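Chains Y and A, in that order, give the protein sequences. So in this note's numbering, spot 41 of the first sequence is number 41, and the numbers just go up one at a time. So in this note's numbering, spot 6 of the second sequence is number 6, and the numbers just go up one at a time.
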Amino acid sequence: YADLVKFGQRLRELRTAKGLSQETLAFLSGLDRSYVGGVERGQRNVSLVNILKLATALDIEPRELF
Amino acid sequence: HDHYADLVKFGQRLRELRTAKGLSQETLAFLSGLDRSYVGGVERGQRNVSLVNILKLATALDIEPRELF
């Protein structure tokens, strides 16, 4: 799915701009490292509670992932 | 932080948008390819919606998914 791949690319860009590895974003969001990578690649169907964990880790409002 | 508490805020927002469009829960479930029980659960903060279902709901409402946040 194209939109799961566009959402994962936005997540990747926000993470990368802040200089965090996948491993660090996974720790900060309380997520498994491989699950964060699978979301970045559109290979997971992330829950809302985890979108909010990831937005809190990036210090951004969740709307900005959309 | 207890981010499941924020599901309640998102559910209220969805019910605001669904009512701003004049749809019943059953209509918005049909239009999003979902079911009335699950839509109602999400409006109440009692189900943890997925991204693909957030996009389905936004498509059915004819909004950008960002207006849900």
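All residues carry an ideal CB built from backbone N, CA and C; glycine is no exception.
Would you mind telling me which residues of chain C sit closer than 8 Å to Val-46/Y, beta carbon to beta carbon, in chain order?
Any reference to chain C falls outside this structure, whose protein chains are Y and A.
With a threshold of 16 other CB atoms inside 10 Å of the CB of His-3/A, please say whether the residue is buried or exposed.
With 16 or more Cβ atoms within 10 Å of its Cβ, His-3/A is classed as buried.
Have a look at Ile-60/Y and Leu-31/A and give me their C-alpha separation to the nearest angstrom.
Their backbone Cα atoms lie some 31 Å apart in a straight line.
For the alpha helix (DSSP H) holding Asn-53/A, just list the boundary residues, first then last.
Where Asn-53/A is concerned, the enclosing alpha helix (DSSP H) stretches over 51 to 61.
Sort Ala-57/Y, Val-5/Y, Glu-64/Y by Cα distance to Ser-21/Y and report the nearest one.
The shortest Cα separation from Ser-21/Y among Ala-57/Y, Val-5/Y, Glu-64/Y belongs to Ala-57/Y.
What is the DSSP secondary structure of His-1/A, counted as helix, strand or coil?
Correct three-state label for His-1/A: coil.
Check whether the Cβ atoms of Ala-26/Y and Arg-33/Y sit closer than 7 Å, and answer yes or no.
Taking 7 Å as the Cβ cut-off, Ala-26/Y and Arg-33/Y qualify as a contacting pair.
Under 8 Å Cβ-Cβ, which residues of chain Y neighbour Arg-44/A?
Those do not exist, as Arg-44/A stays about 14 Å from chain Y at its closest Cβ, beyond 8 Å.
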